[PDB]
């Protein structure tokens, strides 16, 4: 058996409300975003955090530093950093391409030499890191394991990531160039945060531990196109052209390293190919009952999709009523891969969990349509 015995969340700086967030992320071409208003109206997020200094605008934490803060939050009398037998770390916004994120987090933590692995991707990468840690303990390879994820998309959403594209279109004499909606959209969706979990082969003697019953993950990339992407451009045939296949000049003129979202494709396919297609396989294969679930922990990212996902549950005959849904999206921000840790941290410290309650965690990844699901039991 494997038990989550400690969770930790780390949000950089103070919550930033809707009227302040654009001043933090800057103007492109000296002009404010035309779509920020409606993007915010649709997603419903009221506060979020950025690893950006409120006065100077300097970065306050690298991605590696942010993960390290979340990991340090696991330390108590029962666990010190030198106790960890394996560290699995992810970040969709790693500070560098090489080395991997995890060894940079190890460099920040400076705990004694141990196994460090990094997983990659977007929102689901936090769950593939957790599943690595889970399999390590479940197989007996270790007695404990730590997984952690961090997101600092502020680094790439800041207006400066579009300056050379603006200047390029100004040199094409274009009058009022605006970056594409595909490029501006995520600036008002994604924000900064980090989480960590300690997994052990025994529950704590005191207090609650969440037994991991299984973690099931499905990719639908075999038939779905790339939908969220950075360091590349999506072509007309739906394929993704990687950055090193484009001229250096084109990296700057087209903001190739910014995060982009194929929003119409997202809208059309996210519910089916991150929720209903994987969950119906999981329900049937594990003989699941919608009513056995006391807590549904969905990372639905945007108020716009909350009831769309809920209708997906209905369509596969797995309805879960809103009274059993737990999230803090509106107040914490969409922290991507860190969202499920930020949700678990709050629920677990809240005092609302009771022994034998069953939790279903749902982590979609629109990058190329992965659905990650985790079933927990309170002990």
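Residue numbers count along the first chain shown, from 1.
- Message: Mean Cα B factor from the PDB record: higher for 183-191, or higher for 198-206?
- Response: Comparing 183-191 with 198-206, the higher average CA B-factor belongs to 198-206.
- Mind pulling up the entry and telling me whether 145-153 or 263-271 has the higher mean Cα temperature factor? So the stretch with the higher mean C-alpha B-factor is 263-271.
- Query: Of the options 285, 108, 82, 115, which has the highest CA B factor as deposited?
  - Reply: Among 285, 108, 82, 115, the PDB entry lists the largest C-alpha B-factor for 285.
- Query: Per the coordinate record, which of the options 97, 217, 307, 89 holds the highest CA temperature factor?
  - Reply: Most elevated C-alpha B-factor of the set, per the entry: 307.
- Query: Among the modelled residues of its chain, does the C-alpha B-factor of residue 372 lie in the lowest, middle or highest third?
  - Reply: Lowest third of the chain for residue 372's C-alpha B-factor.
- For residue 236, the third of its chain into which the C-alpha B factor falls: Answer is highest: the recorded C-alpha B-factor places it there.
- Select lowest, middle or highest to describe the third in which the CA B-factor of residue 134 falls within its chain in this entry. Lowest third, going by the recorded CA B-factors of the chain.
- Query: In terms of the CA temperature factor given in the entry, to which third of its chain does residue 177 belong: lowest, middle or highest?
  - Reply: Its C-alpha B-factor belongs to the highest third of this chain's values.
- Task: Give the position of residue 162 by CA B-factor within its chain, expressed as the lowest, middle or highest third.
- Result: Answer is middle: the recorded C-alpha B-factor places it there.
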